[PDB]
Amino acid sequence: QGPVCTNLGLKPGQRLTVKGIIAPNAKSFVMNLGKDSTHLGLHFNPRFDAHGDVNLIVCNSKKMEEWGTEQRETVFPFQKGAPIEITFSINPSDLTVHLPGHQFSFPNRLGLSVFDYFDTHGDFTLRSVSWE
C-alpha cells in the first residue's frame, strides 16, 4: 500500500535522499532500503505510537521473508505534519542515516554495496527520491 521503486541503479558511493511529509496525526511510517523487496539492508520504522512503542525508531534488516534482529533508537527527531528530508548512505562498514541535526548508524548485515530498492508506506507522503 505504498510507493515502490525497483532497480534504481545507484553506483557505489551514491547516497539516496528521500523527501516527503509526515501526516498530521501520524502513528508511524516505514522506509525500506535494499537490493530488492526480499533483501532489505535497512527497514527504517519511526513510531509515534504503534506496537507498544512511543516516539522511537525501529530499525531492522530483512532477508528471504525473515526479519533480522531489531534495534531501537529513542532519539526521535520526527514531528507530525512536518516535512522531512533523509539521506541514506552505505559502505561495507555500515549504513548511515542523516537528518538535519542527527546522524544514525546501522550495521551493513547483508553486505550490500548500493541501494537498488526503495519502498514506503504508513503515515508519510513521499515526494522525492534522488541520488548522487
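Residue positions are given as counts along the sequence shown, with the first one as 1.
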Which of 25-33 and 58-66 has higher mean CA B factor, as the PDB entry lists it: 58-66
Comparing 117-125 with 104-112, the one whose average Cα B-factor in the PDB entry is higher: 104-112
Chain-relative CA temperature factor third for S89: middle
For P77, the third of its chain into which the C-alpha B factor falls: middle
Relative C-alpha B-factor of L42, binned into the chain's lowest, middle or highest third: lowest
